[PDB]
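Student: Coordinates in target_22.pdb, PDB, C-alpha atoms and all ligand atoms, are listed below.
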ATOM      1  CA  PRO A   1      -9.849 -23.147  46.482  1.00  0.00           C
ATOM      2  CA  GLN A   2      -7.859 -23.490  43.249  1.00  0.00           C
ATOM      3  CA  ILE A   3      -9.707 -21.942  40.332  1.00  0.00           C
ATOM      4  CA  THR A   4      -8.862 -23.020  36.808  1.00  0.00           C
ATOM      5  CA  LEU A   5      -9.305 -20.607  33.945  1.00  0.00           C
ATOM      6  CA  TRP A   6     -11.235 -22.564  31.302  1.00  0.00           C
ATOM      7  CA  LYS A   7     -14.278 -20.481  32.259  1.00  0.00           C
ATOM      8  CA  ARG A   8     -14.566 -16.942  33.503  1.00  0.00           C
ATOM      9  CA  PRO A   9     -13.634 -16.947  37.204  1.00  0.00           C
ATOM     10  CA  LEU A  10     -17.015 -15.732  38.479  1.00  0.00           C
ATOM     11  CA  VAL A  11     -17.963 -15.851  42.153  1.00  0.00           C
ATOM     12  CA  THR A  12     -20.879 -14.583  44.219  1.00  0.00           C
ATOM     13  CA  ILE A  13     -20.192 -11.592  46.468  1.00  0.00           C
ATOM     14  CA  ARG A  14     -22.281  -9.922  49.141  1.00  0.00           C
ATOM     15  CA  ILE A  15     -22.312  -6.181  49.734  1.00  0.00           C
ATOM     16  CA  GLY A  16     -24.837  -5.311  52.422  1.00  0.00           C
ATOM     17  CA  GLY A  17     -28.171  -6.842  51.564  1.00  0.00           C
ATOM     18  CA  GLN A  18     -27.140  -7.444  47.947  1.00  0.00           C
ATOM     19  CA  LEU A  19     -25.862 -10.644  46.326  1.00  0.00           C
ATOM     20  CA  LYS A  20     -24.017 -10.134  43.025  1.00  0.00           C
ATOM     21  CA  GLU A  21     -21.894 -12.069  40.575  1.00  0.00           C
ATOM     22  CA  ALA A  22     -18.372 -10.736  40.079  1.00  0.00           C
ATOM     23  CA  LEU A  23     -15.231 -11.562  38.129  1.00  0.00           C
ATOM     24  CA  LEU A  24     -11.910 -12.289  39.904  1.00  0.00           C
ATOM     25  CA  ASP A  25      -9.572 -10.054  37.871  1.00  0.00           C
ATOM     26  CA  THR A  26      -5.824 -10.065  38.278  1.00  0.00           C
ATOM     27  CA  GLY A  27      -5.618  -7.402  35.503  1.00  0.00           C
ATOM     28  CA  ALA A  28      -7.661  -4.896  37.520  1.00  0.00           C
ATOM     29  CA  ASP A  29      -5.929  -2.570  39.969  1.00  0.00           C
ATOM     30  CA  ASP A  30      -9.303  -1.716  41.498  1.00  0.00           C
ATOM     31  CA  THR A  31     -12.680  -3.259  42.302  1.00  0.00           C
ATOM     32  CA  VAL A  32     -15.464  -1.868  40.106  1.00  0.00           C
ATOM     33  CA  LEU A  33     -19.143  -2.589  40.684  1.00  0.00           C
ATOM     34  CA  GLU A  34     -22.258  -1.845  38.665  1.00  0.00           C
ATOM     35  CA  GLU A  35     -24.410   1.119  39.740  1.00  0.00           C
ATOM     36  CA  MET A  36     -25.511   1.027  43.391  1.00  0.00           C
ATOM     37  CA  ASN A  37     -26.261   3.545  46.162  1.00  0.00           C
ATOM     38  CA  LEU A  38     -23.741   2.791  48.927  1.00  0.00           C
ATOM     39  CA  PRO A  39     -23.729   4.739  52.229  1.00  0.00           C
ATOM     40  CA  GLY A  40     -21.282   7.503  53.099  1.00  0.00           C
ATOM     41  CA  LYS A  41     -18.860   9.873  51.431  1.00  0.00           C
ATOM     42  CA  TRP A  42     -17.607   9.270  47.900  1.00  0.00           C
ATOM     43  CA  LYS A  43     -15.218  10.975  45.470  1.00  0.00           C
ATOM     44  CA  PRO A  44     -15.627  11.120  41.680  1.00  0.00           C
ATOM     45  CA  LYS A  45     -12.810   9.372  39.821  1.00  0.00           C
ATOM     46  CA  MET A  46     -11.955   8.312  36.290  1.00  0.00           C
ATOM     47  CA  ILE A  47     -10.527   4.871  35.572  1.00  0.00           C
ATOM     48  CA  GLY A  48      -9.250   3.454  32.313  1.00  0.00           C
ATOM     49  CA  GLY A  49      -9.682   0.106  30.655  1.00  0.00           C
ATOM     50  CA  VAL A  50      -9.690  -1.250  27.151  1.00  0.00           C
ATOM     51  CA  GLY A  51     -11.890   1.028  25.098  1.00  0.00           C
ATOM     52  CA  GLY A  52     -11.227   4.140  27.166  1.00  0.00           C
ATOM     53  CA  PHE A  53     -12.260   5.718  30.446  1.00  0.00           C
ATOM     54  CA  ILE A  54     -15.296   5.626  32.667  1.00  0.00           C
ATOM     55  CA  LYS A  55     -16.364   7.869  35.491  1.00  0.00           C
ATOM     56  CA  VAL A  56     -16.932   6.131  38.804  1.00  0.00           C
ATOM     57  CA  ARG A  57     -17.798   6.926  42.410  1.00  0.00           C
ATOM     58  CA  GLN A  58     -15.076   5.919  44.881  1.00  0.00           C
ATOM     59  CA  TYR A  59     -16.284   4.618  48.254  1.00  0.00           C
ATOM     60  CA  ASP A  60     -13.699   3.757  50.881  1.00  0.00           C
ATOM     61  CA  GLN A  61     -13.773   1.246  53.728  1.00  0.00           C
ATOM     62  CA  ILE A  62     -16.687  -0.827  52.376  1.00  0.00           C
ATOM     63  CA  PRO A  63     -17.227  -4.375  53.716  1.00  0.00           C
ATOM     64  CA  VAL A  64     -17.621  -7.023  50.998  1.00  0.00           C
ATOM     65  CA  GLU A  65     -18.035 -10.795  51.501  1.00  0.00           C
ATOM     66  CA  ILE A  66     -16.276 -12.778  48.753  1.00  0.00           C
ATOM     67  CA  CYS A  67     -16.850 -16.532  48.911  1.00  0.00           C
ATOM     68  CA  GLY A  68     -17.300 -16.295  52.694  1.00  0.00           C
ATOM     69  CA  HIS A  69     -14.152 -14.139  53.120  1.00  0.00           C
ATOM     70  CA  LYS A  70     -14.762 -10.751  54.699  1.00  0.00           C
ATOM     71  CA  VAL A  71     -12.760  -7.901  53.149  1.00  0.00           C
ATOM     72  CA  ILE A  72     -12.987  -4.141  53.804  1.00  0.00           C
ATOM     73  CA  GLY A  73     -11.726  -1.688  51.236  1.00  0.00           C
ATOM     74  CA  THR A  74     -12.235   0.590  48.304  1.00  0.00           C
ATOM     75  CA  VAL A  75     -15.064  -0.051  45.856  1.00  0.00           C
ATOM     76  CA  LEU A  76     -15.612   1.939  42.701  1.00  0.00           C
ATOM     77  CA  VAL A  77     -19.160   2.103  41.362  1.00  0.00           C
ATOM     78  CA  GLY A  78     -20.011   2.977  37.774  1.00  0.00           C
ATOM     79  CA  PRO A  79     -20.965   1.775  34.303  1.00  0.00           C
ATOM     80  CA  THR A  80     -18.820  -1.305  34.222  1.00  0.00           C
ATOM     81  CA  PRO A  81     -19.962  -4.149  31.961  1.00  0.00           C
ATOM     82  CA  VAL A  82     -19.436  -6.690  34.771  1.00  0.00           C
ATOM     83  CA  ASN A  83     -18.727  -6.555  38.494  1.00  0.00           C
ATOM     84  CA  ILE A  84     -14.933  -6.805  38.893  1.00  0.00           C
ATOM     85  CA  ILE A  85     -12.963  -7.809  41.973  1.00  0.00           C
ATOM     86  CA  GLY A  86      -9.542  -6.279  41.503  1.00  0.00           C
ATOM     87  CA  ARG A  87      -6.218  -6.640  43.254  1.00  0.00           C
ATOM     88  CA  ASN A  88      -7.035  -4.313  46.116  1.00  0.00           C
ATOM     89  CA  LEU A  89      -9.529  -6.921  47.401  1.00  0.00           C
ATOM     90  CA  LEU A  90      -7.868 -10.054  45.918  1.00  0.00           C
ATOM     91  CA  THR A  91      -4.872  -9.318  48.156  1.00  0.00           C
ATOM     92  CA  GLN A  92      -7.185  -9.185  51.198  1.00  0.00           C
ATOM     93  CA  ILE A  93      -8.454 -12.714  50.471  1.00  0.00           C
ATOM     94  CA  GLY A  94      -4.874 -13.999  49.976  1.00  0.00           C
ATOM     95  CA  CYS A  95      -5.206 -14.698  46.261  1.00  0.00           C
ATOM     96  CA  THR A  96      -2.178 -15.669  44.115  1.00  0.00           C
ATOM     97  CA  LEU A  97      -1.560 -16.808  40.537  1.00  0.00           C
ATOM     98  CA  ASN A  98       0.131 -20.206  40.350  1.00  0.00           C
ATOM     99  CA  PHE A  99       1.701 -22.105  37.446  1.00  0.00           C
TER     100      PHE A  99
ATOM    101  CA  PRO B   1       6.040 -19.921  40.192  1.00  0.00           C
ATOM    102  CA  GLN B   2       3.576 -18.280  42.582  1.00  0.00           C
ATOM    103  CA  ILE B   3       2.778 -14.645  41.796  1.00  0.00           C
ATOM    104  CA  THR B   4       1.287 -12.432  44.490  1.00  0.00           C
ATOM    105  CA  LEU B   5      -1.003  -9.576  43.524  1.00  0.00           C
ATOM    106  CA  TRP B   6       0.389  -6.714  45.575  1.00  0.00           C
ATOM    107  CA  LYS B   7       1.589  -5.257  42.303  1.00  0.00           C
ATOM    108  CA  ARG B   8       0.446  -5.752  38.697  1.00  0.00           C
ATOM    109  CA  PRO B   9       1.332  -9.319  37.589  1.00  0.00           C
ATOM    110  CA  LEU B  10       3.569  -8.180  34.751  1.00  0.00           C
ATOM    111  CA  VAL B  11       5.853 -10.711  33.096  1.00  0.00           C
ATOM    112  CA  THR B  12       8.104 -10.766  30.074  1.00  0.00           C
ATOM    113  CA  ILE B  13       6.913 -12.585  27.003  1.00  0.00           C
ATOM    114  CA  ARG B  14       8.682 -13.328  23.756  1.00  0.00           C
ATOM    115  CA  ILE B  15       6.917 -13.267  20.419  1.00  0.00           C
ATOM    116  CA  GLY B  16       8.664 -13.580  17.052  1.00  0.00           C
ATOM    117  CA  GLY B  17      12.014 -12.339  18.401  1.00  0.00           C
ATOM    118  CA  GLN B  18      10.520  -9.436  20.359  1.00  0.00           C
ATOM    119  CA  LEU B  19      10.547  -8.910  24.120  1.00  0.00           C
ATOM    120  CA  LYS B  20       7.351  -7.494  25.624  1.00  0.00           C
ATOM    121  CA  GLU B  21       5.999  -6.873  29.098  1.00  0.00           C
ATOM    122  CA  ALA B  22       2.491  -8.323  29.560  1.00  0.00           C
ATOM    123  CA  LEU B  23      -0.162  -8.505  32.241  1.00  0.00           C
ATOM    124  CA  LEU B  24      -1.440 -11.913  33.394  1.00  0.00           C
ATOM    125  CA  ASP B  25      -5.156 -11.208  33.351  1.00  0.00           C
ATOM    126  CA  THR B  26      -7.750 -13.643  34.656  1.00  0.00           C
ATOM    127  CA  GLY B  27     -10.428 -11.048  33.694  1.00  0.00           C
ATOM    128  CA  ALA B  28      -9.543 -11.281  29.983  1.00  0.00           C
ATOM    129  CA  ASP B  29     -11.098 -13.886  27.713  1.00  0.00           C
ATOM    130  CA  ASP B  30      -8.547 -13.085  25.023  1.00  0.00           C
ATOM    131  CA  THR B  31      -4.868 -12.197  24.692  1.00  0.00           C
ATOM    132  CA  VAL B  32      -4.411  -8.684  23.290  1.00  0.00           C
ATOM    133  CA  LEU B  33      -1.094  -7.092  22.367  1.00  0.00           C
ATOM    134  CA  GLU B  34      -0.344  -3.437  21.650  1.00  0.00           C
ATOM    135  CA  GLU B  35       0.064  -2.488  17.998  1.00  0.00           C
ATOM    136  CA  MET B  36       2.795  -4.436  16.266  1.00  0.00           C
ATOM    137  CA  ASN B  37       3.385  -6.302  13.025  1.00  0.00           C
ATOM    138  CA  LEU B  38       2.856 -10.058  12.811  1.00  0.00           C
ATOM    139  CA  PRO B  39       3.053 -12.336   9.772  1.00  0.00           C
ATOM    140  CA  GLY B  40       0.157 -14.193   8.204  1.00  0.00           C
ATOM    141  CA  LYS B  41      -3.544 -13.810   7.709  1.00  0.00           C
ATOM    142  CA  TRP B  42      -5.673 -11.871  10.130  1.00  0.00           C
ATOM    143  CA  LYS B  43      -9.206 -10.732  10.405  1.00  0.00           C
ATOM    144  CA  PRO B  44     -10.815  -7.811  12.159  1.00  0.00           C
ATOM    145  CA  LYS B  45     -12.667  -8.305  15.437  1.00  0.00           C
ATOM    146  CA  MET B  46     -14.269  -5.968  17.954  1.00  0.00           C
ATOM    147  CA  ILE B  47     -13.477  -6.619  21.631  1.00  0.00           C
ATOM    148  CA  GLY B  48     -14.987  -4.844  24.589  1.00  0.00           C
ATOM    149  CA  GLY B  49     -13.478  -3.570  27.773  1.00  0.00           C
ATOM    150  CA  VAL B  50     -14.656  -1.352  30.559  1.00  0.00           C
ATOM    151  CA  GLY B  51     -14.624   1.805  28.413  1.00  0.00           C
ATOM    152  CA  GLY B  52     -16.092   0.337  25.230  1.00  0.00           C
ATOM    153  CA  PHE B  53     -14.947  -1.550  22.161  1.00  0.00           C
ATOM    154  CA  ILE B  54     -11.761  -1.490  20.173  1.00  0.00           C
ATOM    155  CA  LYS B  55     -11.105  -2.954  16.758  1.00  0.00           C
ATOM    156  CA  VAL B  56      -8.258  -5.448  16.687  1.00  0.00           C
ATOM    157  CA  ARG B  57      -6.657  -7.869  14.240  1.00  0.00           C
ATOM    158  CA  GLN B  58      -7.038 -11.535  15.105  1.00  0.00           C
ATOM    159  CA  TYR B  59      -4.070 -13.810  14.346  1.00  0.00           C
ATOM    160  CA  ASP B  60      -4.455 -17.551  14.910  1.00  0.00           C
ATOM    161  CA  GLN B  61      -1.835 -20.089  15.963  1.00  0.00           C
ATOM    162  CA  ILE B  62       0.868 -17.710  17.064  1.00  0.00           C
ATOM    163  CA  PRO B  63       3.678 -19.112  19.238  1.00  0.00           C
ATOM    164  CA  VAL B  64       4.435 -17.141  22.411  1.00  0.00           C
ATOM    165  CA  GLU B  65       6.920 -17.781  25.196  1.00  0.00           C
ATOM    166  CA  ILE B  66       5.623 -16.873  28.674  1.00  0.00           C
ATOM    167  CA  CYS B  67       7.927 -17.394  31.688  1.00  0.00           C
ATOM    168  CA  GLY B  68       9.730 -20.303  30.049  1.00  0.00           C
ATOM    169  CA  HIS B  69       6.496 -21.887  28.807  1.00  0.00           C
ATOM    170  CA  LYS B  70       5.978 -22.228  25.059  1.00  0.00           C
ATOM    171  CA  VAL B  71       2.331 -21.781  24.071  1.00  0.00           C
ATOM    172  CA  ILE B  72       0.483 -21.459  20.730  1.00  0.00           C
ATOM    173  CA  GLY B  73      -2.796 -19.664  20.275  1.00  0.00           C
ATOM    174  CA  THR B  74      -4.881 -16.753  19.117  1.00  0.00           C
ATOM    175  CA  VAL B  75      -3.363 -13.299  19.614  1.00  0.00           C
ATOM    176  CA  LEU B  76      -5.296 -10.086  19.066  1.00  0.00           C
ATOM    177  CA  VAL B  77      -3.385  -6.938  18.081  1.00  0.00           C
ATOM    178  CA  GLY B  78      -4.744  -3.447  18.529  1.00  0.00           C
ATOM    179  CA  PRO B  79      -5.070  -0.279  20.606  1.00  0.00           C
ATOM    180  CA  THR B  80      -4.869  -1.792  24.052  1.00  0.00           C
ATOM    181  CA  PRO B  81      -3.108   0.369  26.677  1.00  0.00           C
ATOM    182  CA  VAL B  82      -1.184  -2.691  27.896  1.00  0.00           C
ATOM    183  CA  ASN B  83      -0.191  -6.093  26.588  1.00  0.00           C
ATOM    184  CA  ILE B  84      -2.623  -8.604  28.119  1.00  0.00           C
ATOM    185  CA  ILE B  85      -2.254 -12.378  28.466  1.00  0.00           C
ATOM    186  CA  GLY B  86      -5.804 -13.726  28.715  1.00  0.00           C
ATOM    187  CA  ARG B  87      -7.354 -17.015  29.691  1.00  0.00           C
ATOM    188  CA  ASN B  88      -6.757 -18.673  26.343  1.00  0.00           C
ATOM    189  CA  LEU B  89      -3.015 -18.707  27.054  1.00  0.00           C
ATOM    190  CA  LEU B  90      -3.212 -18.842  30.856  1.00  0.00           C
ATOM    191  CA  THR B  91      -4.912 -22.205  30.510  1.00  0.00           C
ATOM    192  CA  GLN B  92      -2.044 -23.438  28.336  1.00  0.00           C
ATOM    193  CA  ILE B  93       0.554 -22.599  30.989  1.00  0.00           C
ATOM    194  CA  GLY B  94      -1.677 -24.314  33.603  1.00  0.00           C
ATOM    195  CA  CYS B  95      -2.336 -21.184  35.631  1.00  0.00           C
ATOM    196  CA  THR B  96      -4.759 -21.271  38.568  1.00  0.00           C
ATOM    197  CA  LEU B  97      -6.069 -18.602  40.932  1.00  0.00           C
ATOM    198  CA  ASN B  98      -5.454 -19.836  44.481  1.00  0.00           C
ATOM    199  CA  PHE B  99      -6.813 -18.589  47.792  1.00  0.00           C
TER     200      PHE B  99
HETATM  201  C1  LIG A 101      -4.911   0.207  35.591  1.00  0.00           C
HETATM  202  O1  LIG A 101      -6.181   0.122  34.936  1.00  0.00           O
HETATM  203  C2  LIG A 101      -6.988  -1.032  35.268  1.00  0.00           C
HETATM  204  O2  LIG A 101      -6.594  -1.817  36.160  1.00  0.00           O
HETATM  205  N1  LIG A 101      -8.130  -1.140  34.588  1.00  0.00           N
HETATM  206  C3  LIG A 101      -9.019  -2.253  34.839  1.00  0.00           C
HETATM  207  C4  LIG A 101      -9.149  -2.957  33.513  1.00  0.00           C
HETATM  208  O3  LIG A 101      -9.800  -2.414  32.632  1.00  0.00           O
HETATM  209  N2  LIG A 101      -8.550  -4.140  33.377  1.00  0.00           N
HETATM  210  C5  LIG A 101      -8.530  -4.961  32.143  1.00  0.00           C
HETATM  211  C6  LIG A 101      -7.048  -5.050  31.776  1.00  0.00           C
HETATM  212  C7  LIG A 101      -6.482  -3.666  31.546  1.00  0.00           C
HETATM  213  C8  LIG A 101      -5.547  -3.163  32.430  1.00  0.00           C
HETATM  214  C9  LIG A 101      -5.012  -1.888  32.244  1.00  0.00           C
HETATM  215  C10 LIG A 101      -5.450  -1.133  31.163  1.00  0.00           C
HETATM  216  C11 LIG A 101      -6.380  -1.642  30.265  1.00  0.00           C
HETATM  217  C12 LIG A 101      -6.896  -2.918  30.457  1.00  0.00           C
HETATM  218  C13 LIG A 101      -9.012  -6.401  32.353  1.00  0.00           C
HETATM  219  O4  LIG A 101      -8.333  -7.091  33.419  1.00  0.00           O
HETATM  220  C14 LIG A 101     -10.432  -6.564  32.790  1.00  0.00           C
HETATM  221  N3  LIG A 101     -11.389  -6.361  31.716  1.00  0.00           N
HETATM  222  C15 LIG A 101     -12.680  -6.607  32.400  1.00  0.00           C
HETATM  223  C16 LIG A 101     -13.847  -6.834  31.470  1.00  0.00           C
HETATM  224  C17 LIG A 101     -14.416  -8.096  31.356  1.00  0.00           C
HETATM  225  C18 LIG A 101     -15.487  -8.304  30.494  1.00  0.00           C
HETATM  226  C19 LIG A 101     -16.024  -7.268  29.727  1.00  0.00           C
HETATM  227  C20 LIG A 101     -17.172  -7.548  28.792  1.00  0.00           C
HETATM  228  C21 LIG A 101     -17.218  -6.966  27.527  1.00  0.00           C
HETATM  229  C22 LIG A 101     -18.275  -7.244  26.665  1.00  0.00           C
HETATM  230  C23 LIG A 101     -19.270  -8.125  27.076  1.00  0.00           C
HETATM  231  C24 LIG A 101     -19.186  -8.703  28.340  1.00  0.00           C
HETATM  232  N4  LIG A 101     -18.156  -8.413  29.156  1.00  0.00           N
HETATM  233  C25 LIG A 101     -15.455  -6.007  29.845  1.00  0.00           C
HETATM  234  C26 LIG A 101     -14.382  -5.786  30.706  1.00  0.00           C
HETATM  235  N5  LIG A 101     -11.228  -7.216  30.686  1.00  0.00           N
HETATM  236  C27 LIG A 101     -11.215  -6.766  29.412  1.00  0.00           C
HETATM  237  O5  LIG A 101     -11.287  -5.575  29.098  1.00  0.00           O
HETATM  238  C28 LIG A 101     -11.153  -7.878  28.383  1.00  0.00           C
HETATM  239  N6  LIG A 101     -12.518  -8.052  27.886  1.00  0.00           N
HETATM  240  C29 LIG A 101     -13.107  -9.230  27.963  1.00  0.00           C
HETATM  241  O6  LIG A 101     -12.623 -10.267  28.432  1.00  0.00           O
HETATM  242  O7  LIG A 101     -14.450  -9.238  27.466  1.00  0.00           O
HETATM  243  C30 LIG A 101     -15.170 -10.482  27.477  1.00  0.00           C
HETATM  244  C31 LIG A 101     -10.197  -7.672  27.231  1.00  0.00           C
HETATM  245  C32 LIG A 101      -8.830  -7.302  27.823  1.00  0.00           C
HETATM  246  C33 LIG A 101     -10.057  -8.993  26.454  1.00  0.00           C
HETATM  247  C34 LIG A 101     -10.637  -6.549  26.289  1.00  0.00           C
HETATM  248  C35 LIG A 101     -10.336  -1.794  35.475  1.00  0.00           C
HETATM  249  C36 LIG A 101     -11.003  -0.602  34.764  1.00  0.00           C
HETATM  250  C37 LIG A 101     -11.283  -3.001  35.559  1.00  0.00           C
HETATM  251  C38 LIG A 101     -10.036  -1.388  36.913  1.00  0.00           C
END
What is this file in C-alpha cells?
Ligand SMILES: COC(=O)N[C@H](C(=O)N[C@@H](Cc1ccccc1)[C@@H](O)CN(Cc1ccc(-c2ccccn2)cc1)NC(=O)[C@@H](NC(=O)OC)C(C)(C)C)C(C)(C)C
Tutor:
Amino acid sequence: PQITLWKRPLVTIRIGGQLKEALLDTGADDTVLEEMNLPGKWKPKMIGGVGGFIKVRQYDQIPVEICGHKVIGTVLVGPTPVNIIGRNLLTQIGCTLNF
Amino acid sequence: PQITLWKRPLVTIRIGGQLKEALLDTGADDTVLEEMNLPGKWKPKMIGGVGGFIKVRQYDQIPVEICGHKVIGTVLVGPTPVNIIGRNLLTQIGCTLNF
C-alpha cells in the first residue's frame, strides 16, 4: 500500500492472541508496545523520546503480524502513550518514505 | 526520492538562512525544532512524547526548505532532542509511506 500522512498512520497488528492498534513511525529506532506479558527472557532498558526517558522490557525474536506481513524481531514493552512500530520492524516489511 | 529506513531518515532543511539536520517522522503530528530564535509572534504550547510533555513556542506560517521542496507551516521550537519534521510538513512535500 501507499499511505498518505493526512491522518496518523495507524494499522492493526497481531502479537500472539492480541490485536492492537499501532503507529507506523519512521522517527522511532525501535518498536515500543504498551504493557503486556510476553513469553521468554527480557532485559531492562531505557529509551528516550520527547519529554525524557522511559524504562522498558526488551524482548527479542518476537513474531508480530503487521497488515498481514509476518515480522520477527525486537519489541520493547513499557509505558508508551501509543503502540509504535519503529524502523527495526518497518525494514522487515519493506517500508520506505517516498516523495 | 525514495528513502529506506535502515538508518534514521535524516535530511537537511533550511530555515531563515540556517542549515539544520532533521528527522522525517511519520509518528509526529507536529514539526518541532531544537531551541533557536525565530521572528514574529509565538504562543506557548505543551506537546507530548514518549517520556512526557515539553513546553514549546508555536510559530505559524514559517517557510522551510526540505530536500528542494519549499513548504510553509507551523513550526514548534523547544527542548526536543532532535529536529523533527512531522506530518504537517510531510503532507506538503507529498510524502507517502510505501510497502
Ligand atoms: C532514538 O530515540 C527514538 O527513536 N525514540 C523514539 C521516539 O520517541 N521517537 C519520536 C521522535 C524522536 C526521536 C528521537 C528522539 C526524540 C524523539 C517520534 O517519532 C514518535 N513519537 C511517538 C508519539 C506519538 C504520540 C504520542 C502522544 C502524545 C500525547 C497524546 C497521544 N499521543 C506520543 C509519542 N512522537 C512524538 O513524540 C510526537 N508526539 C506526537 O505526535 O503526539 C501526538 C512529537 C515529536 C510531535 C512530540 C521512541 C521512544 C518511540 C523509540
Student: Could you work out which residues of chain B fall inside 9 Å of chain A? Count all atoms listed in the file, and format the result as an MDAnalysis selection string.
Tutor: chainID B and resid 1:9 23:29 47:54 79:82 84 87:88 90:91 93:99
Student: Would you compute, for all listed atoms of ligand LIG 101 (chain A), the axis-aligned bounding box grown by 5 Å on each side, and then report its centre and edge lengths in Å rounded to one decimal, as lines of an AutoDock Vina configuration file?
Tutor:
center_x = -12.1
center_y = -5.1
center_z = 31.6
size_x = 24.4
size_y = 20.7
size_z = 20.6
Student: Name the residues that the PyMOL selection byres (((chain B and resi 45) around 7) and not hetatm) pulls out of this structure, and write them as a PDB file with C-alpha atoms, in the frame of the given file.
Tutor:
ATOM      1  CA  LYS B  43      -9.206 -10.732  10.405  1.00  0.00           C
ATOM      2  CA  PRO B  44     -10.815  -7.811  12.159  1.00  0.00           C
ATOM      3  CA  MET B  46     -14.269  -5.968  17.954  1.00  0.00           C
ATOM      4  CA  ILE B  47     -13.477  -6.619  21.631  1.00  0.00           C
ATOM      5  CA  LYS B  55     -11.105  -2.954  16.758  1.00  0.00           C
ATOM      6  CA  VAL B  56      -8.258  -5.448  16.687  1.00  0.00           C
ATOM      7  CA  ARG B  57      -6.657  -7.869  14.240  1.00  0.00           C
ATOM      8  CA  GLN B  58      -7.038 -11.535  15.105  1.00  0.00           C
TER       9      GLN B  58
END
Student: Give me the residues near residue 72 (chain B) as a list in words, where near means some atom within 8 Å (using all atoms listed in the file) and where sequence neighbours in that chain fewer than 5 positions away do not count.
Tutor: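 Selected residues are residues 61, 62, 63, 64 and 89 of chain B.
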Student: Quick check, in Å to one decimal: how far apart do CA of residue 60 (chain B) and atom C8 of ligand LIG 101 (chain A) lie?
Tutor: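 That distance, rounded to one decimal, is 22.7 Å.
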Student: Report, in Å with one decimal, the straight-line distance from CA of residue 59 (chain B) to atom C1 of ligand LIG 101 (chain A).
Tutor: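 These two atoms are separated by 25.5 Å.
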Student: Just the number, please: distance in Å from atom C27 of ligand LIG 101 (chain A) to CA of residue 34 (chain A), one decimal.
Tutor: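 Going from atom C27 of ligand LIG 101 (chain A) over to CA of residue 34 (chain A), I get 15.2 Å.
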Student: Please, which residues are within 7 Å of (-0.5, -6.5, 11.9) by the file's coordinates, counting all atoms listed in the file, and could they come as a PyMOL selection string?
Tutor: chain B and resi 36-38+57+77
Student: B:75, B:65, B:19, B:40: which is nearest ligand LIG 101 (chain A), counting all atoms listed in the file?
Tutor: B:75
Student: Nearest to ligand LIG 101 (chain A) among B:67, B:74, B:35, B:83, with distances taken over all atoms listed in the file: which residue is it?
Tutor: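 That would be B:83, the residue with the smallest distance to ligand LIG 101 (chain A).
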Student: Out of A:66, A:16, A:33, A:21, which residue has the shortest atom-to-atom distance to ligand LIG 101 (chain A) when counting only C-alpha atoms and all ligand atoms?
Tutor: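 Nearest candidate to ligand LIG 101 (chain A) out of A:66, A:16, A:33, A:21: A:33.
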Student: Select, from A:41, A:73, A:68, A:30, the residue with the minimum atom-to-atom distance to ligand LIG 101 (chain A), counting all atoms listed in the file.
Tutor: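 Closest candidate: A:30.
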Student: For ligand LIG 101 (chain A), which of A:31, A:39, A:20, A:11 is the closest residue, counting all atoms listed in the file?
Tutor: A:31
Student: Point out the residue among A:13, A:76, A:18, A:71 with the least atom-to-atom distance to ligand LIG 101 (chain A), counting all atoms listed in the file.
Tutor: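 Closest candidate: A:76.
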